[PDB]
file input-v7.txt (compact mmCIF, C-alpha atoms)
# COMPACT_ATOMS: atom_id res chain seq x y z
CA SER A 1 168.89 55.32 155.15
CA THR A 2 168.52 58.40 152.99
CA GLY A 3 168.87 59.35 149.33
CA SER A 4 169.51 62.62 147.51
CA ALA A 5 169.31 63.13 143.74
CA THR A 6 169.48 66.20 141.52
CA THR A 7 166.54 66.77 139.17
CA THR A 8 167.08 68.73 135.96
CA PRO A 9 164.62 70.48 133.60
CA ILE A 10 164.41 68.71 130.23
CA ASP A 11 164.21 71.99 128.31
CA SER A 12 164.28 75.78 128.59
CA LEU A 13 160.60 75.90 129.65
CA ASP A 14 160.79 73.44 132.58
CA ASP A 15 158.24 71.26 130.72
CA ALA A 16 159.38 68.36 132.92
CA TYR A 17 162.23 67.31 135.18
CA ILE A 18 164.46 64.25 134.95
CA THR A 19 166.30 62.50 137.74
CA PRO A 20 168.99 59.81 137.25
CA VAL A 21 167.99 56.35 138.52
CA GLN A 22 170.23 53.27 138.72
CA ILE A 23 168.50 50.00 137.74
CA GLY A 24 170.03 46.55 137.74
CA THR A 25 173.42 44.95 138.29
CA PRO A 26 175.69 46.38 136.93
CA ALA A 27 173.83 49.66 137.17
CA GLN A 28 171.91 50.87 134.13
CA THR A 29 171.32 54.59 134.62
CA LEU A 30 168.10 55.98 133.18
CA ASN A 31 166.70 59.49 133.51
CA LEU A 32 163.17 59.24 134.87
CA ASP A 33 160.35 61.70 135.41
CA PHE A 34 159.48 61.57 139.12
CA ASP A 35 155.68 61.82 139.22
CA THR A 36 153.79 62.35 142.50
CA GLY A 37 150.61 61.98 140.42
CA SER A 38 151.08 58.31 139.47
CA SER A 39 152.37 55.08 140.96
CA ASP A 40 154.10 53.08 138.26
CA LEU A 41 157.86 52.94 137.73
CA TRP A 42 158.11 52.18 134.04
CA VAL A 43 160.99 52.39 131.61
CA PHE A 44 161.87 52.33 127.96
CA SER A 45 163.49 48.94 127.50
CA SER A 46 164.91 46.33 125.16
CA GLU A 47 161.30 45.13 124.81
CA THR A 48 159.90 48.44 123.58
CA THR A 49 158.63 48.39 119.99
CA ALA A 50 161.67 49.52 117.98
CA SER A 51 159.75 52.16 116.00
CA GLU A 52 158.63 53.75 119.29
CA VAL A 53 162.13 54.34 120.61
CA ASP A 54 163.81 57.57 119.43
CA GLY A 55 166.84 58.59 121.48
CA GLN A 56 165.87 57.22 124.88
CA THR A 57 168.18 55.16 127.05
CA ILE A 58 166.71 51.68 127.49
CA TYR A 59 166.72 49.17 130.31
CA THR A 60 167.91 45.73 129.18
CA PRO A 61 166.82 43.18 131.80
CA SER A 62 168.88 40.41 130.20
CA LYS A 63 172.06 42.36 131.08
CA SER A 64 171.11 42.64 134.75
CA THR A 65 172.11 39.73 136.96
CA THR A 66 169.55 40.82 139.59
CA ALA A 67 166.63 41.15 137.14
CA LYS A 68 163.81 38.60 137.42
CA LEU A 69 160.67 38.41 135.32
CA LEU A 70 157.55 38.90 137.43
CA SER A 71 155.71 35.99 135.85
CA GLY A 72 152.28 36.77 134.46
CA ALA A 73 152.36 40.46 135.43
CA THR A 74 151.34 43.16 132.95
CA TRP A 75 150.68 46.87 133.22
CA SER A 76 148.92 49.56 131.28
CA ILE A 77 148.53 53.21 132.12
CA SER A 78 146.94 56.33 130.65
CA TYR A 79 147.83 59.80 131.88
CA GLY A 80 145.85 63.00 132.15
CA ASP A 81 147.47 64.45 129.04
CA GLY A 82 146.26 61.50 126.95
CA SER A 83 149.60 59.73 126.78
CA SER A 84 149.95 56.02 127.56
CA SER A 85 152.25 53.02 127.86
CA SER A 86 152.13 49.29 128.67
CA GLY A 87 154.18 46.14 128.92
CA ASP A 88 155.38 43.50 131.36
CA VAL A 89 157.22 43.56 134.70
CA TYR A 90 160.61 42.69 136.15
CA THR A 91 161.80 42.96 139.70
CA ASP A 92 165.29 44.44 140.12
CA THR A 93 167.50 46.64 142.26
CA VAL A 94 166.72 50.33 141.94
CA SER A 95 168.76 53.11 143.52
CA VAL A 96 168.01 56.84 143.69
CA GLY A 97 170.68 59.19 144.95
CA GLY A 98 172.35 56.48 147.06
CA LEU A 99 169.14 54.93 148.39
CA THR A 100 168.68 51.32 147.29
CA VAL A 101 165.56 49.16 147.03
CA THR A 102 165.87 45.49 146.18
CA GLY A 103 162.95 43.72 144.50
CA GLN A 104 161.45 46.92 143.08
CA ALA A 105 158.86 46.37 140.33
CA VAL A 106 160.34 47.79 137.13
CA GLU A 107 157.63 47.96 134.50
CA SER A 108 159.14 47.34 131.10
CA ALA A 109 157.42 49.11 128.22
CA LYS A 110 156.43 47.08 125.20
CA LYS A 111 154.41 50.02 123.83
CA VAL A 112 154.53 53.79 124.39
CA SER A 113 152.39 56.51 122.83
CA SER A 114 153.76 59.11 120.43
CA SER A 115 154.26 61.72 123.14
CA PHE A 116 156.79 59.54 124.91
CA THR A 117 158.55 58.48 121.71
CA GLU A 118 158.92 62.11 120.66
CA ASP A 119 160.53 63.09 123.96
CA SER A 120 164.08 61.73 123.76
CA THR A 121 165.02 63.11 127.18
CA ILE A 122 162.63 61.04 129.33
CA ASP A 123 163.51 57.33 129.67
CA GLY A 124 160.53 56.51 131.86
CA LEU A 125 158.50 57.56 134.90
CA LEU A 126 158.98 56.88 138.60
CA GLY A 127 155.64 57.22 140.36
CA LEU A 128 155.39 58.63 143.89
CA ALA A 129 151.64 58.74 144.44
CA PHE A 130 150.05 56.07 146.64
CA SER A 131 150.52 52.42 145.64
CA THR A 132 146.75 51.93 145.38
CA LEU A 133 147.01 53.55 141.90
CA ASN A 134 149.65 51.13 140.65
CA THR A 135 148.41 49.48 137.43
CA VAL A 136 150.23 46.13 137.59
CA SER A 137 147.93 43.15 137.18
CA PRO A 138 147.07 40.67 138.62
CA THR A 139 149.26 41.57 141.61
CA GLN A 140 149.45 45.29 142.31
CA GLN A 141 152.98 46.50 143.01
CA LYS A 142 154.41 49.06 145.45
CA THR A 143 156.08 52.37 144.58
CA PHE A 144 159.78 52.94 145.17
CA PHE A 145 158.94 55.19 148.13
CA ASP A 146 156.60 52.57 149.61
CA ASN A 147 159.33 49.92 149.34
CA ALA A 148 161.98 52.27 150.79
CA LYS A 149 159.82 53.70 153.58
CA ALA A 150 160.56 51.37 156.46
CA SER A 151 164.30 51.78 155.86
CA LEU A 152 164.29 55.57 155.74
CA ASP A 153 165.44 57.68 158.66
CA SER A 154 162.05 59.43 158.40
CA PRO A 155 159.16 58.28 156.17
CA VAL A 156 159.25 61.28 153.85
CA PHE A 157 160.52 62.58 150.59
CA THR A 158 160.90 66.18 149.49
CA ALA A 159 160.62 67.93 146.17
CA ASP A 160 162.69 71.05 145.57
CA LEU A 161 162.17 71.93 141.91
CA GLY A 162 164.14 74.71 140.29
CA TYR A 163 162.96 77.52 138.07
CA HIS A 164 165.04 77.18 134.89
CA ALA A 165 167.60 75.39 137.06
CA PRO A 166 168.38 72.07 138.72
CA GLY A 167 166.75 71.04 141.97
CA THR A 168 166.63 68.12 144.36
CA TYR A 169 164.58 65.12 145.42
CA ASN A 170 165.50 63.89 148.92
CA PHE A 171 164.35 60.67 150.55
CA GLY A 172 164.27 60.08 154.24
CA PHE A 173 165.20 63.51 155.59
CA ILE A 174 164.31 67.19 155.52
CA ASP A 175 167.15 69.49 154.48
CA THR A 176 166.63 72.43 156.82
CA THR A 177 169.07 74.54 154.73
CA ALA A 178 166.90 74.24 151.61
CA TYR A 179 164.02 76.54 152.61
CA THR A 180 163.37 79.82 154.39
CA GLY A 181 161.05 80.37 157.36
CA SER A 182 158.88 77.47 158.52
CA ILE A 183 157.28 74.49 156.82
CA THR A 184 153.49 74.65 157.04
CA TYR A 185 151.85 71.25 157.08
CA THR A 186 148.39 70.55 155.74
CA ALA A 187 146.06 67.52 155.70
CA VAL A 188 146.09 64.93 152.93
CA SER A 189 143.31 62.72 151.60
CA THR A 190 144.49 59.47 150.05
CA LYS A 191 140.95 58.56 148.94
CA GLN A 192 141.76 59.03 145.22
CA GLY A 193 145.32 57.73 145.52
CA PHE A 194 146.86 61.20 145.22
CA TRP A 195 148.65 63.71 147.45
CA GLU A 196 145.34 65.56 147.67
CA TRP A 197 145.02 68.64 149.89
CA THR A 198 143.00 71.83 150.25
CA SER A 199 144.52 75.23 149.60
CA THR A 200 143.09 78.05 151.69
CA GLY A 201 142.86 80.61 148.88
CA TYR A 202 144.72 82.79 146.39
CA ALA A 203 145.84 86.29 145.45
CA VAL A 204 146.64 87.79 142.06
CA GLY A 205 149.67 90.07 142.01
CA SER A 206 149.49 92.60 144.83
CA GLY A 207 145.73 92.10 145.18
CA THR A 208 143.94 91.06 148.34
CA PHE A 209 143.88 87.43 149.39
CA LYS A 210 140.66 85.58 148.65
CA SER A 211 139.94 82.99 151.32
CA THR A 212 138.41 80.01 149.60
CA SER A 213 138.95 76.26 149.74
CA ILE A 214 140.64 74.78 146.69
CA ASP A 215 140.95 70.98 146.67
CA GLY A 216 143.83 69.81 144.50
CA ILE A 217 146.74 67.40 144.08
CA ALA A 218 150.45 68.02 144.45
CA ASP A 219 151.67 66.61 141.15
CA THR A 220 155.31 66.86 140.10
CA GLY A 221 154.42 65.09 136.85
CA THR A 222 152.18 67.87 135.59
CA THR A 223 153.85 70.96 134.15
CA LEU A 224 151.23 73.65 134.77
CA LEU A 225 148.94 74.89 137.50
CA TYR A 226 145.29 73.89 136.84
CA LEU A 227 142.70 75.70 138.95
CA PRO A 228 138.97 76.44 138.82
CA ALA A 229 137.79 78.62 135.92
CA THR A 230 136.81 81.46 138.31
CA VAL A 231 140.35 81.68 139.75
CA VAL A 232 142.06 81.45 136.39
CA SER A 233 139.79 84.13 134.90
CA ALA A 234 140.61 86.45 137.79
CA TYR A 235 144.34 85.90 137.14
CA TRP A 236 144.34 86.45 133.38
CA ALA A 237 142.01 89.48 133.65
CA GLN A 238 145.05 91.28 135.11
CA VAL A 239 147.07 90.74 131.92
CA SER A 240 146.28 93.11 129.02
CA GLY A 241 145.37 91.14 125.94
CA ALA A 242 145.19 87.74 127.59
CA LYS A 243 142.48 85.43 126.38
CA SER A 244 141.32 81.83 126.37
CA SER A 245 141.90 80.31 122.95
CA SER A 246 140.10 77.06 122.09
CA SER A 247 142.30 76.62 119.01
CA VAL A 248 145.45 76.79 121.13
CA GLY A 249 143.95 74.91 124.08
CA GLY A 250 144.00 77.46 126.87
CA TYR A 251 144.92 80.94 127.98
CA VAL A 252 147.43 82.82 125.85
CA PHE A 253 148.87 86.29 126.46
CA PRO A 254 150.97 88.83 124.56
CA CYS A 255 154.64 87.91 124.82
CA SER A 256 155.30 91.61 125.55
CA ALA A 257 153.39 91.35 128.85
CA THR A 258 154.75 91.52 132.35
CA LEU A 259 152.95 88.77 134.26
CA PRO A 260 151.68 89.28 137.84
CA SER A 261 152.57 86.86 140.57
CA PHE A 262 150.08 84.30 141.88
CA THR A 263 149.81 83.45 145.57
CA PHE A 264 148.23 80.31 146.99
CA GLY A 265 147.39 79.55 150.60
CA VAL A 266 148.66 76.70 152.71
CA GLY A 267 146.80 77.06 155.98
CA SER A 268 147.72 80.54 157.23
CA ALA A 269 150.88 80.56 155.11
CA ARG A 270 151.32 81.90 151.55
CA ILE A 271 153.39 80.63 148.63
CA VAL A 272 154.16 83.20 145.95
CA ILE A 273 154.62 82.12 142.34
CA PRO A 274 156.58 84.84 140.53
CA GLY A 275 155.06 86.06 137.31
CA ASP A 276 158.01 84.75 135.28
CA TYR A 277 157.16 81.18 136.36
CA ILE A 278 153.80 81.49 134.56
CA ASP A 279 155.40 82.26 131.14
CA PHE A 280 155.67 79.18 128.88
CA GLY A 281 156.74 81.10 125.84
CA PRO A 282 155.56 81.40 122.29
CA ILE A 283 152.77 79.04 121.24
CA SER A 284 154.80 78.28 118.10
CA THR A 285 158.31 79.33 117.11
CA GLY A 286 158.42 83.03 116.31
CA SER A 287 154.92 83.74 117.59
CA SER A 288 154.14 86.82 119.67
CA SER A 289 151.40 84.87 121.47
CA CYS A 290 152.65 83.16 124.63
CA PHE A 291 151.17 80.25 126.50
CA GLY A 292 150.04 80.67 130.10
CA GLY A 293 151.25 78.59 133.03
CA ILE A 294 147.94 78.86 134.87
CA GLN A 295 145.07 77.09 133.12
CA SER A 296 141.53 76.01 133.87
CA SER A 297 140.91 72.61 135.45
CA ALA A 298 137.34 72.61 134.17
CA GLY A 299 136.88 69.29 132.42
CA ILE A 300 139.94 67.71 134.05
CA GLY A 301 137.79 66.93 137.05
CA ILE A 302 140.52 67.79 139.53
CA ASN A 303 142.65 70.81 140.36
CA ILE A 304 146.37 70.22 139.89
CA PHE A 305 149.20 71.95 141.74
CA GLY A 306 151.78 71.09 139.10
CA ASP A 307 155.38 72.20 138.66
CA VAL A 308 154.46 75.91 138.17
CA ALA A 309 153.24 75.89 141.78
CA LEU A 310 155.54 73.33 143.36
CA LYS A 311 158.78 74.88 142.05
CA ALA A 312 157.92 78.04 144.05
CA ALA A 313 158.14 75.94 147.23
CA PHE A 314 160.09 73.36 149.19
CA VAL A 315 157.53 70.55 149.43
CA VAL A 316 157.50 67.74 151.98
CA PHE A 317 155.62 64.57 151.10
CA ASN A 318 155.10 63.04 154.55
CA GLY A 319 154.23 59.33 154.24
CA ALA A 320 153.66 58.73 157.94
CA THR A 321 150.72 56.53 158.93
CA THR A 322 148.59 59.64 158.46
CA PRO A 323 150.13 61.35 155.46
CA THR A 324 150.51 65.15 155.27
CA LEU A 325 152.03 67.75 152.93
CA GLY A 326 154.35 70.55 153.98
CA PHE A 327 155.13 73.72 152.06
CA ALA A 328 157.83 76.30 152.72
CA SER A 329 159.08 79.30 150.78
CA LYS A 330 162.67 79.11 149.59
call {"tool": "encode", "arguments": {"input": "input-v7.txt", "output": "C-alpha cells"}}
result
Amino acid sequence: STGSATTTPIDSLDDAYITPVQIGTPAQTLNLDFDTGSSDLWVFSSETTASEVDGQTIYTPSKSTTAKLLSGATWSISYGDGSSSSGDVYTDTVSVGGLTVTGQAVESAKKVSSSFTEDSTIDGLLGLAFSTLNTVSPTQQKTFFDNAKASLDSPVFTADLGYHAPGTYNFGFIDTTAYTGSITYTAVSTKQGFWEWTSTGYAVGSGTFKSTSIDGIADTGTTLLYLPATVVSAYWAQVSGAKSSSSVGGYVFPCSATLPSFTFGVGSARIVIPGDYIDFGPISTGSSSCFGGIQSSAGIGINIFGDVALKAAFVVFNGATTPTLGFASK
C-alpha cells in the first residue's frame, strides 16, 4: 500500500503545516500537524474542555462505529515550545491520503494548553518520530507509520514541504519526480527516539563551506532552524543591523535587509536554504524589526532541523530495520 496527502501552511509565514486525516466510520476529517519530532497522534475532541476549544474541528468517538475506548489508557505530553495536552485514548480507523490503519491509537484531548486553543487551524498532531517516545500509559502505543509499515510497498515516508505553498507527505514510496539530482542518505540514531543525524557542516551565503559535525533532529513539527550559537552568530553577522534580543527571544534583523542563504551539509551533498526562507516577518504588526528563521539551540539541548531547513529539501524518512534519512534538492 501507499498514501499521498497534501500538506498546507497554516498562515503566511509557514508557522506550521496541516494535513487532512480521516478518523472513524463514517470518516471525520481533521487537519493535523504531522510532527517527526513526537510520537503521539492526538486530537481535539468531544471530550476537550469546552473553554479550551476555539474554532478547531473535533473528533467525536461516540459518532464512530469503529471507535473503541482503550480502557485505562491515558496520555500527557509537553513539547519543546512549552505547550502541552492530555487525555484518554480510543482505537479507531485512521487514513492518510488513501492509506488506512485499523486499530490506530487516537489520543483524545481532555485538556490542551493556551497555545493550542489559540490556534484554530490545528485540530491535533500526528507524530512520526519513533514509537519509544509515545506517552500513552500504561501500555505505550505505536505511531501511524509504525502501524502502517509492514503494509507499505517500502517502509518509508517522505516530507516535501513548500515555501509559502502546499507540499506533500507520501507513505510507502519515493516520488522520483519530486526532487532534482540524487538523494543523499545519512545515518540515523534512534537513541533519543528522534530522527537524529549529523550534518557535515554549513556555509553562509556565498562563503566557504565549514566542515564540522552538527548533530540534530529532522523535525517537521518545529518551525525554525535551531543550531549552535557559533553557527548562528556567523550567519547573523552577515546581516547589517541583526542582533540577538532577549526581550524578543532571539535574533531579529531590519525588515529592509536582504538575507543571505544558508547551506547545510548532508554527507558530501549540500542543501541550500534561500535567504527568503529565513524571514519570519515583523516581530509585531507594523514593526520594522523582523524575526529570524535561524536561532540558537543553546539551552534547548538539541539542534533542530525544523521546517526552515526541511522545506528546502525533499526528505526521506527511511524506517527500514536500520533507519536512515535522505535529502535531495528540489
call {"tool": "closest_residue", "arguments": {"input": "input-v7.txt", "among": "A:290, A:32, A:242, A:227", "to": "residue A:202", "atoms": "all atoms listed in the file"}}
result
A:227
call {"tool": "closest_residue", "arguments": {"input": "input-v7.txt", "among": "A:158, A:296, A:109, A:284", "to": "residue A:246", "atoms": "only C-alpha atoms"}}
result
A:296
call {"tool": "residues_around", "arguments": {"input": "input-v7.txt", "residues": "stretch 250-255 of chain A", "least_positions_apart": "4", "cutoff": "9 Å", "atoms": "all atoms listed in the file", "output": "MDAnalysis selection string"}}
result
chainID A and resid 232 236 239:246 279 281:283 287:296
call {"tool": "closest_residue", "arguments": {"input": "input-v7.txt", "among": "A:304, A:126, A:99, A:178", "to": "residue A:225", "atoms": "all atoms listed in the file"}}
result
A:304
call {"tool": "residues_around", "arguments": {"input": "input-v7.txt", "residues": "residue A:18", "least_positions_apart": "6", "cutoff": "9 Å", "atoms": "all atoms listed in the file", "output": "MDAnalysis selection string"}}
result
chainID A and resid 6:10 31:34 121:123 125
